[PDB]
Amino acid sequence: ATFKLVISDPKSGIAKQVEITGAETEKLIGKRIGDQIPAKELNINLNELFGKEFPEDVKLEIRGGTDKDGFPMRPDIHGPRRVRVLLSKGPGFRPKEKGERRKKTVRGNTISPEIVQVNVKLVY
Amino acid sequence: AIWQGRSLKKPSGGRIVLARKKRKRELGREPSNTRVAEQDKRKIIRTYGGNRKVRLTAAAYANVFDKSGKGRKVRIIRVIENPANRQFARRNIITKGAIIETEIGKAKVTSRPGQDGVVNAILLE
Amino acid sequence: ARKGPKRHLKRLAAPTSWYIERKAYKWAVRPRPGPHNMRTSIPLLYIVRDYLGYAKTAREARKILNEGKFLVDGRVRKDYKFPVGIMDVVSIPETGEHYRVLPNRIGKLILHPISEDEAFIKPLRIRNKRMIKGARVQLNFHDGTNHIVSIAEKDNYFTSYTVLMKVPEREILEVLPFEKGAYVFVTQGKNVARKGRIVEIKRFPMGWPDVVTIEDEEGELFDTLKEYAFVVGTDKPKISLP
Amino acid sequence: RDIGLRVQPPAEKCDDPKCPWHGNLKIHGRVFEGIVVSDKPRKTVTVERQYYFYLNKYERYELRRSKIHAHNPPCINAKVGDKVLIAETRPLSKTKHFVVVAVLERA
Amino acid sequence: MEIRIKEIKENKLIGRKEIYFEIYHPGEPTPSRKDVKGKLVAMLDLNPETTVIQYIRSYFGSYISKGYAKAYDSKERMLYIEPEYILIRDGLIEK
RNA sequence: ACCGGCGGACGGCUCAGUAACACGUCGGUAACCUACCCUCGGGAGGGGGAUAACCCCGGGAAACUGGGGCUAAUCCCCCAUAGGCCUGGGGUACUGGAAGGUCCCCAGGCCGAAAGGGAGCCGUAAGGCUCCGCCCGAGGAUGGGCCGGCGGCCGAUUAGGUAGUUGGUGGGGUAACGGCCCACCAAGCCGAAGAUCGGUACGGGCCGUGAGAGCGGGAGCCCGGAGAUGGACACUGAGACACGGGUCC
Ligand SMILES: [Zn+2]
Numbered sequence: 002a003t004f005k006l007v008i009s010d011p012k013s014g015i016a017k018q019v020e021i022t023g024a025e026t027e028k029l030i031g032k033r034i035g036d037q038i039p040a041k042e043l044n045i046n047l048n049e050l051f052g053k054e055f056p057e058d059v060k061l062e063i064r065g066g067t068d069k070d071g072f073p074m075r076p077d078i079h080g081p082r083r084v085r086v087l088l089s090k091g092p093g094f095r096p097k098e099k100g101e102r103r104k105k106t107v108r109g110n111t112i113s114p115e116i117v118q119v120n121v122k123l124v125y
Numbered sequence: 002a003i004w005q006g007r008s009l010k011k012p013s014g015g016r017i018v019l020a021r022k023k024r025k026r027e028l029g030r031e032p033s034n035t036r037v038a039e040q041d042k043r044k045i046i047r048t049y050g051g052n053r054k055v056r057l058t059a060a061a062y063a064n065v066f067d068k069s070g071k072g073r074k075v076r077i078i079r080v081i082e083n084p085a086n087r088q089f090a091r092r093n094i095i096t097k098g099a100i101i102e103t104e105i106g107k108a109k110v111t112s113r114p115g116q117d118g119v120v121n122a123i124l125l126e
Numbered sequence: 002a003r004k005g006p007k008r009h010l011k012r013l014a015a016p017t018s019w020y021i022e023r024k025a026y027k028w029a030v031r032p033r034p035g036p037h038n039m040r041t042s043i044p045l046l047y048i049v050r051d052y053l054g055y056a057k058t059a060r061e062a063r064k065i066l067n068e069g070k071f072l073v074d075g076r077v078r079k080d081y082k083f084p085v086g087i088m089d090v091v092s093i094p095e096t097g098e099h100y101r102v103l104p105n106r107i108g109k110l111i112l113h114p115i116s117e118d119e120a121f122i123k124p125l126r127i128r129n130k131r132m133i134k135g136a137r138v139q140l141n142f143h144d145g146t147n148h149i150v151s152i153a154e155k156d157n158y159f160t161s162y163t164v165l166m167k168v169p170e171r172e173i174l175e176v177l178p179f180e181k182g183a184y185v186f187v188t189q190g191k192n193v194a195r196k197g198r199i200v201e202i203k204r205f206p207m208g209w210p211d212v213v214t215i216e217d218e219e220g221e222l223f224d225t226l227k228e229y230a231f232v233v234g235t236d237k238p239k240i241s242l243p
Numbered sequence: 003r004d005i006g007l008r009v010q011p012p013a014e015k016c017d018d019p020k021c022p023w024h025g026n027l028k029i030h031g032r033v034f035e036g037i038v039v040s041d042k043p044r045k046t047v048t049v050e051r052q053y054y055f056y057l058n059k060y061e062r063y064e065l066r067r068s069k070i071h072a073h074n075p076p077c078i079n080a081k082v083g084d085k086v087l088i089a090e091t092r093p094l095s096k097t098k099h100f101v102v103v104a105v106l107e108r109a
Numbered sequence: 001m002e003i004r005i006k007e008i009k010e011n012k013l014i015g016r017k018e019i020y021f022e023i024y025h026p027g028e029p030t031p032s033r034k035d036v037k038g039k040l041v042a043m044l045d046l047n048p049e050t051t052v053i054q055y056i057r058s059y060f061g062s063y064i065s066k067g068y069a070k071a072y073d074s075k076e077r078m079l080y081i082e083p084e085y086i087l088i089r090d091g092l093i094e095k
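Here it is, written out as structure tokens:
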């Protein structure tokens with residue numbers, strides 16, 4: 002389970018990539034979108050990564066991600082399962098028409114070993 | 002959906018075969034069972050041609066008039082009788098023909114809650 | 002297979018009131034909704050191109066119309082699909098020309114030259130009369146136009162009466178009543194394009210229309226519908242109708 | 003009162019909302035004369051009208067029947083065999099689209 | 001080759017003059033557009049750079065060929081009104 | 001290039017299905033809806049919020065698609081007044097052949113608008129002129145929905161068919177009236193003048209033939225109806241349950 006986690010700084014609009022192979026992936030696994038995790042708990046030296054003087058209380062907010070198959074994660078579907086849902090808007094669908102609905106494949110909010118990329122927002 | 006097109010039996014007792022698919026303009030909506038509650042609940046429905054309807058699902062107040070045009074807003078307590086259905090009286094469902102009793106006595110409904118979203122009634126002498 | 006409104010009109014299916022070649026091409030302009038009916042109307046494109054021959058192509062006709070060179074009822078009309086109906090005044094100030102649209106003896110629409118002084122008058126038959134919010138009376142004319150008056154003047158107007166309106170100012174000039182001896186002009190039917198004086202009016206039960214008998218100049222008596230009888234005078238026509 | 007027909011109204015009064023004489027029902031369209039053949043259904047009568055149809059090829063006529071179901075207002079209590087007048091109205095039921103307006107003659 | 005002006009009309013909404021003419025000629029080739037325009041301009045005193053020959057049409061077994069032309073008041077108006085193809089055919093634009 | 005508006009429901013193709021108010025004709029809707037367009041009478045007041053594009057970082061073999069920041073509108077939301085609907089009591093002002101219609105006065109309630117936005121020419125500014133615009137009300141106009149009378153094949157080696165079936169009362173739903181649906185009350189309704197069932201078929205204007213009566217066909221053009229591999233469903237829109245849109249077998 003090699004994650005390609007993305008860290009985005011809301012105060013600068015800049016994002017960086019960090020690839021994590023094991024050990025630290027277990028703590029991330031099982032979490033749900035909307036949960037905060039201290040940066041130190043992931044052995045991330047984001048201060049030197051971003052060349053900043055980030056405080057010591059920085060916390061990692063997970064907002065979503067994707068899979069090996071490229072199907073995104075809907076923060077609304079419960080459980081670490083892949084489902085087909087008829088979507089009109091929101092994550093996983095781009096309407097392109099006034100009111101159309103198309104069926105797409107998505108995954109639940111909970112993180113699973115199948116996840117390959119996890120997006121994270123820095124919370125000071 | 003709730004089709005409201007032609008019947009499939011002739012008046013002579015014969016059988017009719019559909020010559021076309023169901024059309025959108027011929028479709029109805031689910032019945033609105035206005036129930037007495039502690040707070041009014043209404044919804045907006047977009048109808049044919051872009052027009053609009055106000056559907057009342059829960060009714061709390063009623064506008065009661067007594068022989069002189071003097072209207073009062075009085076809370077609904079219970080439904081006494083409803084000739085429309087034999088079970089509506091027991092299920093406490095308001096209907097255009099229902100008879101209710103409010104703080105100022107018995108009244109008979111004269112409006113259609115499912116079509117205009119208002120409960121109007123006349124006091125019974 | 003039909004799901005909504007039509008946008009096209011085949012030439013063979015065009016109204017019989019148009020002086021159009023029904024076999025030269027396939028399509029014809031579909032009139033936009035407007036003042037008069039489909040049968041008593043013709044798109045301004047045909048007036049500009051065929052009737053008058055001021056343009057040889059629809060592109061030229063559209064350019065001239067957009068240049069605001071044509072006035073109908075005293076107002077400049079730019080769209081080439083505008084309906085033009087009976088008792089309408091078409092004005093070309095640049096050439097100083099003025100025409101009145103009238104039915105023919107065979108039901109086709111024609112342009113009758115008129116005088117400049119007369120070009121400012123439009124007759125309008127009161128198709129209906131009702132009351133609107135407030136205490137005002139609304140009059141609906143044969144071309145779909147509307148006018149508003151006060152409750153005091155309610156008795157000054159009635160159905161089938163004629164009103165002479167000054168265009169484009171939209172001002173009342175005179176009211177011609179519908180009564181015995183009133184000069185009338187037939188707008189449609191078998192007796193279209195005939196004129197005379199009212200002689201008798203007959204009513205019938207249910208929704209059957211009224212029937213009116215008209216005496217022509219030569220003395221012949223004919224019949225038509227009251228709605229088809231258009232009042233255009235009292236003793237002698239106030240509008241040239243030959 | 004008159005409802006567009008040159009016929010005398012019924013003598014007595016009724017409270018049927020679907021009575022053109024004493025109700026909100028409006029009559030418009032065709033008017034027919036017929037003979038009542040059935041009156042069993044409640045407030046309904048079947049009116050039969052006979053007419054001749056011309057067969058071109060044989061240059062001969064043939065009798066034909068026209069059965070119509072019409073609403074029977076309480077004031078106009080039509081029976082079997084009566085000659086009645088009916089007028090077209092809005093759809094009142096699956097088959098009833100006419101209303102009896104008067105009884106031309108009673109059997 | 002003799003040109004007879006059957007009709008001349010003044011269009012004022014479109015600032016032009018419409019000329020209908022007939023070219024009578026005994027057995028000879030159908031007259032060319034350049035020759036027709038030159039003769040018409042010389043005869044009717046028109047502006048050479050503002051006349052466009054709509055057509056010169058010959059008929060079956062006839063010595064009279066009909067012709068329709070237009071003479072504008074303004075070069076800009078001519079360019080704005082006339083389609084490109086007719087002007088190219090008459091050789092008013094180099095293409 | 002993107003947001004945003006309109007259109008994409010017309011046109012084009014086929015005759016499968018359908019013996020039916022599908023089609024032809026005459027009438028009705030006083031029982032109903034309609035963007036575009038026309039006329040008249042009115043209005044445009046105060047606030048608020050996202051996000052596309054773009055930038056950083058991607059994921060996915062593709063098809064597609066995630067996270068973070070920064071923005072505008074004729075984008076979206078809220079408040080205010082006009083306006084819309086229901087009901088009760090009074091006067092009769094209007095059209096109609098006839099008012100459950102329209103108008104006026106009180107009463108109880110629900111719902112509830114806009115874009116003074118854009119362009120040009122002047123004007124020191126202010127302000128002005130013009131062009132295309134936005135919202136509400138009453139009418140039209142355009143395209144339809146629904147209903148009625150009459151008319152147009154063969155089989156009796158098919159004689160009985162019908163049970164929401166026929167009608168009623170009270171309601172629901174619809175844009176609209178209606179057993180269209182629902183709850184109860186009755187036994188009604190169709191039929192040898194051929195019901196029911198079965199065979200065949202898109203209907204008409206028309207065409208082929210004959211001296212005519214008549215017989216036969218009704219693909220090409222026009223009008224109307226259905227279908228988009230066979231079925232069944234819904235979203236957006238004035239209009240579709242939609243040939244080059246959507247969901248399931
Ligand atoms: Zn009665």
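Residue numbers (the deposited numbering), protein chains in the order written: chain Ag, 2 to 125; chain Aj, 2 to 126; chain Ae, 2 to 243; chain Ar, 3 to 109; chain Av, 1 to 95.
Idealized CB from N, CA, C, for every residue including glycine.
Could you list which residues in chain Ae have their beta carbon closer than 7 Å to that of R8/Ar, in chain order?
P206
heavy atom of ligand 1 below 7 Å from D211/Ae C-beta:
no
Between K70/Ae and chain Av, is the shortest Cβ-Cβ distance under 8 Å, so that the two count as touching?
yes
Let me make sure I understand the geometry here. Which of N157/Ae, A136/Ae, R131/Ae and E154/Ae has the alpha-carbon closest to that of residue 307/Ae?
Limits of chain Ae in this structure are 2 at one end and 243 at the other, which puts residue 307/Ae out of reach.
Continuous alpha helix (DSSP H) assignments of at least 4 residues falling wholly in the segment 49-114 of chain Ae
59-67
My understanding is that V47/Ar touches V102/Ar, with C-beta atoms under 8 Å, so please give their C-beta distance in whole angstroms.
7 Å
Run down chain Ae in chain order and give the residues with a C-beta less than 9 Å from the C-beta of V33/Ar.
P206 and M207
Going by CA-CA distance only, name the one from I116/Ag, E62/Ag, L50/Ag and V117/Ag that's closest to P39/Ag.
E62/Ag
What I want to know is whether the C-beta of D156/Ae ends up closer than 7 Å to one or more non-hydrogen atoms of ligand 1.
no
Ligand 1 heavy atom lying under 7 Å from the CB of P19/Ar
no
Taking contact to mean 3 or more Cβ pairs, one atom from each stretch, closer than 8 Å, check whether the segment 69-80 of chain Av and the segment 39-55 of chain Av are in contact.
yes
Member of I93/Av, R16/Av, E2/Av and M43/Av whose CA lies at the smallest distance from the CA of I23/Av:
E2/Av
Can you tell me whether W19/Ae sits near ligand 1, meaning its C-beta is under 7 Å from at least one heavy atom of the ligand?
no
How far does the beta strand (DSSP E) with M166/Ae in it reach, from first residue to last?
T163 to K167
On the CB-based measure, 16 or more other CB atoms within 10 Å of its CB, does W209/Ae come out buried or exposed?
exposed
Beta-carbon of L13/Av versus every beta-carbon of chain Ae: anything under 8 Å?
yes
Tell me the rounded alpha-carbon separation between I112/Ag and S13/Ag.
27 Å
Does the Cβ-Cβ distance between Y55/Ae and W19/Ae come in under 8 Å?
no
What residue range does the beta strand (DSSP E) around residue 126/Ag cover?
Residue 126/Ag falls outside the range modelled here, since chain Ag spans only 2 to 125, and no answer is possible.
Give me the subset of the segment 12-32 of chain Ar whose CB atoms are less than 7 Å from a CB atom of chain Ae, sorted by chain position.
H30
Starting from the beta carbon of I65/Ae, find every residue of chain Av whose beta carbon is closer than 9 Å, and list them in chain order.
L13 and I14
Straight-line gap, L112/Ae to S89/Ag (C-alpha atoms, nearest Å)
58 Å
Evaluate contact between the segment 225-232 of chain Ae and the segment 48-66 of chain Ar, counting only Cβ atoms and requiring at least three cross-stretch pairs below 8 Å.
no
For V52/Av, the nearest candidate out of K6/Av, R4/Av and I93/Av (CA to CA):
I93/Av
Give me the Cα-Cα distance between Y81/Ae and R63/Ae, rounded to the nearest whole angstrom.
6 Å
Anything in chain Av within Cβ reach of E117/Ae, meaning under 8 Å, just list it in chain order.
Within chain Av, no residue comes near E117/Ae; the closest Cβ sits about 17 Å away, beyond 8 Å.
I81/Av versus chain Ae: which residues are under 8 Å apart at the beta carbon?
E61 and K64
Would you identify the three-state DSSP class for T22/Ag, choosing helix, strand or coil?
coil
Using only CA atoms, which one of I43/Ae, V212/Ae, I202/Ae and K167/Ae lies nearest to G75/Ae?
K167/Ae
Excluding the five sequence neighbours on either side, which residues of its own chain have a C-beta within less than 6 Å of the C-beta of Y54/Ar, listed in chain order?
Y63
Since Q189/Ae is in the beta strand (DSSP E), which residue starts that stretch and which ends it?
Element bounds for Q189/Ae: n/a, residue is neither H nor E.
Is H37/Ae near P84/Ae, with beta carbons less than 8 Å apart?
yes
Can you confirm whether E95/Ae, when its beta carbon is compared against all beta carbons of chain Av, has any partner nearer than 8 Å?
yes
With 8 Å as the threshold, decide whether the Cβ of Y47/Ae is near any Cβ in chain Av.
no
Return helix, strand or coil for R16/Av, following the three-state DSSP convention.
strand
C-beta contact flag for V38/Ar and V9/Ar at 8 Å:
no
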